[PDB]
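S.K.: Okay, handing you the structure first.
All of this is worked out from the model, or read from it or from the source named; no laboratory instrument gave them. Here the Cβ positions follow ideal geometry from the backbone for every residue, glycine too, while neighbour counts run over all protein chains shown.
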Amino acid sequence: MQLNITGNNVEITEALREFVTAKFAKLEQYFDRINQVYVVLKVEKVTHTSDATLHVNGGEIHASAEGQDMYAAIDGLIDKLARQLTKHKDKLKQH
Amino acid sequence: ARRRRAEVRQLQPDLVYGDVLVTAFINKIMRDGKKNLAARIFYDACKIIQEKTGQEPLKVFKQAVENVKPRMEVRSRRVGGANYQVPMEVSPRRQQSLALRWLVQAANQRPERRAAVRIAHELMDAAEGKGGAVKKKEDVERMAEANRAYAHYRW
Amino acid sequence: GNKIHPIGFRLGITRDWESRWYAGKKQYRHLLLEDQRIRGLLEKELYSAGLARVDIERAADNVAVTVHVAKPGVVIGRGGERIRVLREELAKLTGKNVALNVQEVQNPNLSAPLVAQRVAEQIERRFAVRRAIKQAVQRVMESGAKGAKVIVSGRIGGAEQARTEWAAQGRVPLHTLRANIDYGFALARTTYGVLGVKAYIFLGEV
RNA sequence: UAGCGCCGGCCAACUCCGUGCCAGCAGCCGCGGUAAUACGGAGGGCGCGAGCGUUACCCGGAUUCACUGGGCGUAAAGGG
RNA sequence: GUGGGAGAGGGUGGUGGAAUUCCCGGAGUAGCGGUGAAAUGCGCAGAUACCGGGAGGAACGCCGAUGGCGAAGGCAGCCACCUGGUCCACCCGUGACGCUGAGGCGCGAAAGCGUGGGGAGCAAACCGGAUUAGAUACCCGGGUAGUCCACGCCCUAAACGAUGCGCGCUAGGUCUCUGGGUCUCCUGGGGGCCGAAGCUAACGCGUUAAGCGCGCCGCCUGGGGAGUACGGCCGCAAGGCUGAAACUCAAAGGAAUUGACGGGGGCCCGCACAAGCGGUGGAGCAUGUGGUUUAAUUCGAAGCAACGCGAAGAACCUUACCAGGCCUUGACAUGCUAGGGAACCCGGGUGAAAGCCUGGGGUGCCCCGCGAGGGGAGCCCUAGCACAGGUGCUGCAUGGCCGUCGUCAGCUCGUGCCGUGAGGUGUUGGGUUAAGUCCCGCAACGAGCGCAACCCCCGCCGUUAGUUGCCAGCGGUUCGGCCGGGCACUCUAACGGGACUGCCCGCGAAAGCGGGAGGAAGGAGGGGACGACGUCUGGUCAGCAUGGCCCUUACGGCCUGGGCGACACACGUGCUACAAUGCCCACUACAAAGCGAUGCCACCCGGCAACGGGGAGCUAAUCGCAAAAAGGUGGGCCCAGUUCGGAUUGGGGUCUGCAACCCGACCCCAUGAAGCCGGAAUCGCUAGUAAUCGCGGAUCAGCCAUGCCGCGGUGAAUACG
Ligand SMILES: [Mg+2]
Ligand SMILES: [Mg+2]
Ligand SMILES: [Mg+2]
Ligand SMILES: [Mg+2]
Ligand SMILES: [Mg+2]
Ligand SMILES: [Mg+2]
Ligand SMILES: [Mg+2]
Ligand SMILES: [Mg+2]
Ligand SMILES: [Mg+2]
Ligand SMILES: [Mg+2]
Ligand SMILES: [Mg+2]
Ligand SMILES: [Mg+2]
Ligand SMILES: [Mg+2]
Ligand SMILES: [Mg+2]
Ligand SMILES: [Mg+2]
Ligand SMILES: [Mg+2]
Ligand SMILES: [Mg+2]
Ligand SMILES: [Mg+2]
Ligand SMILES: [Mg+2]
Ligand SMILES: [Mg+2]
Ligand SMILES: [Mg+2]
Ligand SMILES: [Mg+2]
Ligand SMILES: [Mg+2]
Ligand SMILES: [Mg+2]
Ligand SMILES: [Mg+2]
Ligand SMILES: [Mg+2]
Ligand SMILES: [Mg+2]
Ligand SMILES: [Mg+2]
Ligand SMILES: [Mg+2]
Ligand SMILES: [Mg+2]
Ligand SMILES: [Mg+2]
Ligand SMILES: [Mg+2]
Ligand SMILES: [Mg+2]
Ligand SMILES: [Mg+2]
Ligand SMILES: [Mg+2]
Ligand SMILES: [Mg+2]
Ligand SMILES: [Mg+2]
Ligand SMILES: [Mg+2]
Ligand SMILES: [Mg+2]
Ligand SMILES: [Mg+2]
Ligand SMILES: [Mg+2]
Ligand SMILES: [Mg+2]
Ligand SMILES: [Mg+2]
Ligand SMILES: [Mg+2]
Ligand SMILES: [Mg+2]
Ligand SMILES: [Mg+2]
Ligand SMILES: [Mg+2]
Ligand SMILES: [Mg+2]
Ligand SMILES: [Mg+2]
């Protein structure tokens with residue numbers, strides 16, 4: 001539901017909020033246990049990072065990504081997040 | 001409790017009726033460590049088992065124990081997707097316990113405001129009669145027996 | 001960084017206070033802001049001495065500020081000269097009955113802060129830290145130690161990524177209460193930055 | 001008359017400024033994302049000298065076609 | 001050559017039984033089948049389960065095996081015929097007739113192909129059923145080629161011992177198949193296991209070599225491109241054999257090592273799960289935090305390790321935010337150039353305060369010195385400068401400090417020994433323990449940082465004591481321990497003494513466990529403090545610190561006005577509850593441990609209370625906050641949104657503050673709002689624990705304090721596993 005955003009050290013520009021929104025938006029089309037997230041995006045020197053904490057049913061999975069984009073970690077975060085949401089579902093269906 | 005057999009304590013004498021397990025009852029009734037206050041609504045349930053079917057409270061509570069007290073009960077399991085409450089034989093620790101627990105419990109969901117009386121009626125719902133006291137222990141014994149279907153899982 | 005400062009741990013134990021008197025309720029901060037003005041004078045003033053432990057005694061009106069040192073002429077002066085040089089703005093910082101004093105140390109390299117401010121020293125000098133640390137403790141150990149240690153921090157080659165460099169020989173049981181371990185600190189700064197020095201002498205058992 | 005090459009490692013010759021994954025280096029591993037001995041200038045240093053470097057090709061290092069002098073269970077390699 | 005042996009070696013022809021499916025008969029009734037659980041499917045048109053009869057195809061149970069046979073592929077009911085290879089004995093004959101083998105030729109799992117048969121079971125494709133986001137799969141019900149026979153093609157493979165064939169030479173131990181002997185033993189052939197020497201990059205090989213040698217054939221020469229393309233040959237096809245390059249890469253690789261990790265496995269610890277007493281979530285308020293508002297709604301922190309954290313005290317102070325107003329060599333740091341002024345006290349001008357507009361009293365000084373006065377050491381102001389100042393940047397440039405895994409049992413070194421080496425060993429194994437604690441093993445033997453132990457609190461009694469204690473003791477008592485009196489008790493607070501499985505039982509090899517004696521206390525007696533090398537590029541540039549980075553009448557200082565308490569919404573931690581163990585009143589008990597001068601303020605009087613004015617005693621075991629509450633005397637409530645609720649709003653106060661609109665808490669009086677114990681989930685807790693009540697402290701005018709840190713009352717619910 002709620003995509004919580006943290007622009008600490010960053011902007012969180014409305015138009016980029018769109019970028020980040022669409023991506024988790026994709027994600028939600030595969031996993032229906034999700035309640036809410038809080039994502040925190042911050043840039044330092046070269047590496048422009050992103051980290052979130054992700055609530056599944058009661059939650060929670062969490063993870064972080066680097067890159068020199070600030071768009072990279074966006075691409076990354078999802079990817080790591082994805083792997084662990086899939087684990088979430090399987091081994092669970094395996095009980 | 002992953003290491004030892006986990007010892008349980010030896011509770012005080014009753015200076016009232018002379019017995020170590022009556023002191024054991026005091027404490028389940030009670031909250032915030034009251035050996036005066038919850039002790040009243042059972043020490044006004046001392047004079048209430050003398051003022052209805054009176055005799056002496058002596059054997060009313062020697063027979064309030066084993067009377068709703070289960071020797072055979074459920075403790076559950078799951079096999080890879082199917083869960084079985086399994087009938088089981090409870091030891092002198094579980095068999096002195098199950099009792100004093102529900103004693104107050106179901107007796108307090110009742111209407112008669114003072115439990116000096118409200119729970120006192122419940123010492124005759126065991127040693128003698130019916131109620132919501134003897135209500136669960138049947139289902140306790142009933143998931144044992146009939147649903148001993150699942151006792152092929154035992155420890 | 002999960003340890004203790006081993007001295008504040010040994011106060012009333014293996015070791016005693018370096019300012020010890022008695023005060024009253026609003027009678028405290030005063031005599032306290034004093035000796036802390038006194039080293040505040042003796043820090044910048046007494047450096048090339050070896051400047052190690054300043055043990056400060058008092059009474060009403062009358063405070064005897066001891067100094068325990070290395071080079072007692074870097075201390076005393078020309079016949080009387082330096083000891084009463086500072087003694088001017090000193091009891092004239094105090095405005096009370098003060099007393100200047102002297103004690104030289106036996107193996108000044110059996111004092112931590114002393115031994116370390118040479119590690120500090122060698123460090124801004126633009127010297128060999130791997131060597132220096134190594135050098136320092138080696139000194140201490142044949143010097144009659146029976147255990148010894150050093151820590152130093154910040155950019156040890158002046159490269160961006162910091163480090164922490166470390167060497168010790170002989171027993172040094174911080175966690176043991178019968179200890180007698182000097183600590184002393186040495187803070188150095190060169191054009192790449194500040195550093196830090198953490199030295200431990202083990203002085204033997206109790 | 002004195003010049004050409006180079007000074008991260010191979011490989012002998014190091015510091016400062018400018019630049020800041022840009023401009024550019026590069027034979028190989030690589031260097032540059034703001035203190036870069038690796039770019040570009042400078043000071044110096046090493047090398048050679050009317051030359052010094054680059055490119056192309058030949059043998060060498062290639063014991064990497066193995067006569068001298070290599071190999072094949074799992075590295076390339078025993079034929080179903 | 002003779003004589004003998006074993007064998008799923010091969011080809012043909014026959015024949016045996018079990019089981020599966022189908023069909024007919026009998027019998028019999030409501031489900032079967034199937035999965036993790038289901039559903040499809042089958043079934044009252046009579047299934048499944050049972051009996052008999054019949055048909056047909058495939059495979060060949062037990063024997064059966066690390067077994068045997070073959071050159072390989074590969075070969076398994078039994079019988080016969082036809083046939084190959086092979087081993088042994090005898091030492092008979094031949095007389096070097098040997099070995100290998102480019103081409104060639106033959107053989108060649110399965111799948112596939114052609115013509116014809118056959119077709120039970122199974123089963124690509126295919127259809128359903130479930131799963132799933134999808135499921136062109138995995139599991140389930142069906143199901144066609146195929147599987148089977150004959151003949152003919154196909155010619156591939158992890159066609160593997162990933163190891164070409166023959167010969168000779170170089171320890172043995174063991175078991176196994178199979179011949180022979182004068183038989184525990186030996187000798188020949190075959191199949192395994194461990195291993196001498198040797199080999200090896202290592203793993204490993206080792207008389208069945210991957211050792212030493214010789215012969216001959218095959219093959220390799222970086223990865224991808226690619227077993228692709230082209231040509232050729234073969235094939236009915238599918239496709240097979242032979243087999244490039246361009247281009248691109250700085251690697252691709254083999255074995256081993258240390259970790260990390262596994263929906264790998266073992267053994268073990270933690271209130272980790274279970275099991276319990278209670279909570280959050282759902283109520284209203286506090287406080288924090290997300291979003292939005294604002295001109296400021298100031299920064300940090302952010303899963304565990306941020307959300308009553310930084311903040312142990314925001315009315316403007318604070319305060320880094322913002323408006324309007326100011327101020328600048330500066331509010332402060334040294335430093336000096338050129339002067340005043342030498343210091344100062346008091347005004348007063350415009351002021352919201354600042355800030356800027358300006359009157360006047362006025363120097364003690366080291367000296368020339370009566371003196372006219374003088375450098376002046378002051379200090380003061382004006383001009384200057386260097387600069388200060390910056391809570392403006394960079395916690396990935398740092399120190400210090402701290403959070404963290406975690407009070408977890410570990411992290412290592414010396415020297416020896418193993419390995420070419422990374423490295424191992426130790427530190428593993430076995431037994432105990434809270435622990436790398438100890439014990440026993442053992443190519444290790446020690447040692448370091450950790451652990452424990454040494455340090456405080458608490459609990460036994462002693463030591464040295466008493467301006468706190470005591471009819472303990474006798475007595476008066478103003479009958480309050482008041483005093484004469486008393487240092488023994490309690491208190492108090494410095495030393496002490498001690499308890500280690502020392503002792504007896506059971507086990508044992510030791511450590512130790514199991515068990516008891518006693519002891520106030522035991523197997524560390526219960527709590528703190530202490531936290532290893534390291535981890536997280538954890539946190540902090542806003543405590544301070546520091547490399548640089550940039551602002552230098554502003555991004556520097558001060559003031560006034562406001563803000564951090566806005567308010568559409570969310571969450572975090574919490575107090576009071578939502579009632580009879582309970583809601584009030586009056587009656588009345590019991591703790592420590594603390595904190596006290598424009599402080600604690602005994603006591604009176606006014607008042608309803610807030611509190612006000614008075615009043616003593618205190619630097620405080622001997623004065624004050626001080627009343628501890630829950631409980632308990634026993635009285636009113638009688639299931640009642642209520643005598644539960646203490647909340648939003650109403651009034652008039654009180655206090656401190658210069659000041660309480662924003663934005664203070666307490667008082668008396670009026671609103672007496674939710675809230676009926678709370679979903680799904682989720683957070684603690686193993687003794688004096690949760691839980692209930694009460695007191696003190698920091699900080700601080702005052703408190704927005706229910707929070708933070710502590711003190712003391714009664715007293716459990718649940719642990720095998
Ligand atoms: Mg060269
Ligand atoms: Mg060189
Ligand atoms: Mg450029
Ligand atoms: Mg860099
Ligand atoms: Mg170069
Ligand atoms: Mg250069
Ligand atoms: Mg050469
Ligand atoms: Mg050559
Ligand atoms: Mg050769
Ligand atoms: Mg080779
Ligand atoms: Mg190969
Ligand atoms: Mg061949
Ligand atoms: Mg072939
Ligand atoms: Mg024959
Ligand atoms: Mg039939
Ligand atoms: Mg076999
Ligand atoms: Mg002859
Ligand atoms: Mg001849
Ligand atoms: Mg074939
Ligand atoms: Mg076939
Ligand atoms: Mg066919
Ligand atoms: Mg056809
Ligand atoms: Mg399907
Ligand atoms: Mg199927
Ligand atoms: Mg076909
Ligand atoms: Mg091959
Ligand atoms: Mg061959
Ligand atoms: Mg072969
Ligand atoms: Mg060969
Ligand atoms: Mg053999
Ligand atoms: Mg064979
Ligand atoms: Mg052998
Ligand atoms: Mg080899
Ligand atoms: Mg190639
Ligand atoms: Mg092919
Ligand atoms: Mg072709
Ligand atoms: Mg065809
Ligand atoms: Mg490998
Ligand atoms: Mg593992
Ligand atoms: Mg595991
Ligand atoms: Mg950091
Ligand atoms: Mg740091
Ligand atoms: Mg070693
Ligand atoms: Mg060696
Ligand atoms: Mg080693
Ligand atoms: Mg280890
Ligand atoms: Mg050992
Ligand atoms: Mg700072
Ligand atoms: Mg309740």
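S.K.: State which residue pairs qualify: first residue closer than 17 Å to C:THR190 by Cα and near RNA strand E (Cβ under 8 Å from one of its atoms) and inside segment C:137-164, second residue basic (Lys, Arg) and in a loop (DSSP other than H, G, I, E, B) in any location, beta carbons under 8 Å apart, and separation of 6 or more residues or different chains.
M.R.: C:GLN161/C:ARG155; C:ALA162/C:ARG155; C:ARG163/C:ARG155
S.K.: From C:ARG171, C:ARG126, which residue is within 16 Å of RNA strand D (Cβ to nearest atom), charged (D, E, K, R) and either over 19 Å from C:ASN2 (Cα atoms) or outside any loop (DSSP other than H, G, I, E, B) (or both)?
M.R.: Testing whether each residue is within 16 Å of RNA strand D (Cβ to nearest atom), charged (D, E, K, R) and either over 19 Å from C:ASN2 (Cα atoms) or outside any loop (DSSP other than H, G, I, E, B) (or both) leaves just C:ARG126.
S.K.: Also, I was wondering about something else. May I ask you to list the residues in segment C:134-164 that are more than 19 Å from the chain's Cα centre (by Cα) and within 16 Å of RNA strand D (Cβ to nearest atom)?
M.R.: Within segment C:134-164, C:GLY154, C:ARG155, C:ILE156, C:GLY157, C:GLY158, C:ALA159, C:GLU160, C:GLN161, C:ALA162, C:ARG163 qualify.
S.K.: Which residues, taken from segment B:78-112, are out of contact with any helix residue (DSSP H, G or I) (no Cβ under 7 Å at 6 or more places or on another chain), exposed (fewer than 13 other Cβ atoms within 10 Å of the Cβ) and away from chain A (no Cβ under 14 Å)?
M.R.: Across segment B:78-112, the qualifying residues are B:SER91, B:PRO92, B:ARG93, B:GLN109, B:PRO111.
S.K.: Tell me yes or no: at least one residue of segment C:31-41 is under 16 Å from the mean Cα position of the chain (by Cα), of a type outside the set (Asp, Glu) and within 30 Å of C:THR164 (Cα to Cα).
M.R.: So in segment C:31-41, the residues under 16 Å from the mean Cα position of the chain (by Cα) come out as C:35-36, C:38-41.
Then drop every residue that is not of a type outside the set (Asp, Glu), which leaves C:36, C:38-41.
Now narrow it down to the ones that are within 30 Å of C:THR164 (Cα to Cα): C:39-40.
There is at least one residue in segment C:31-41 that is under 16 Å from the mean Cα position of the chain (by Cα), of a type outside the set (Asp, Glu) and within 30 Å of C:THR164 (Cα to Cα).
S.K.: Now a separate question. If I go through segment C:50-88 residue by residue, how many of them are assigned to a helix (DSSP H, G or I) and either out of contact with any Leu (no Cβ under 7 Å at 6 or more places or on another chain) or not assigned by CATH to the domain that holds C:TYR28 (or both)?
M.R.: First, the residues of segment C:50-88 that are assigned to a helix (DSSP H, G or I): C:72-75, C:81-85, C:87-88.
Retained after the next criterion (residues that are either out of contact with any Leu (no Cβ under 7 Å at 6 or more places or on another chain) or not assigned by CATH to the domain that holds C:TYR28 (or both)): C:72-75, C:81-82, C:84-85, C:88.
Here the count works out to 9.
S.K.: I've got another one for you. Within the group A:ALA73, A:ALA63, A:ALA22, A:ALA82, which residue is closer than 22 Å to A:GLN2 by Cβ and either touching a residue at least 60 places away in the same chain (Cβ under 8 Å) or within 16 Å of RNA strand D (Cβ to nearest atom) (or both)?
M.R.: Only one candidate qualifies: A:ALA73.
S.K.: Do you know which residues across segment B:75-115 are part of a loop (DSSP other than H, G, I, E, B), of a type outside the set (S, T, N, Q) and within 8 Å of RNA strand E (Cβ to nearest atom)?
M.R.: B:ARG75, B:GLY80, B:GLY81, B:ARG93, B:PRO111, B:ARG113, B:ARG114 - these are the residues of segment B:75-115 that are part of a loop (DSSP other than H, G, I, E, B), of a type outside the set (S, T, N, Q) and within 8 Å of RNA strand E (Cβ to nearest atom).
S.K.: Looking only at segment A:49-81, how many residues end up being of a type in the set (S, T, N, Q) and buried (at least 17 other Cβ atoms within 10 Å of the Cβ)?
M.R.: 2
S.K.: Can you tell me how many residues in segment B:118-155 are within 18 Å of B:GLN50 (Cβ to Cβ) and either acidic (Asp, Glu) or in contact with a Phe, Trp or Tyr (Cβ under 7 Å, 6 or more places away or on another chain) (or both)?
M.R.: Final tally of qualifying residues: 5.
S.K.: If you don't mind, there's one more thing I want to ask. Which one of these is more than 24 Å from C:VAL197 (Cα to Cα), surrounded by 13 or more Cβ atoms within 10 Å (Cβ to Cβ) and of a type in the set (D, E, K, R): C:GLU88, C:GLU34?
M.R.: Details: C:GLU88 fails: surrounded by 13 or more Cβ atoms within 10 Å (Cβ to Cβ).
Residue meeting the stated conditions: C:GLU34.
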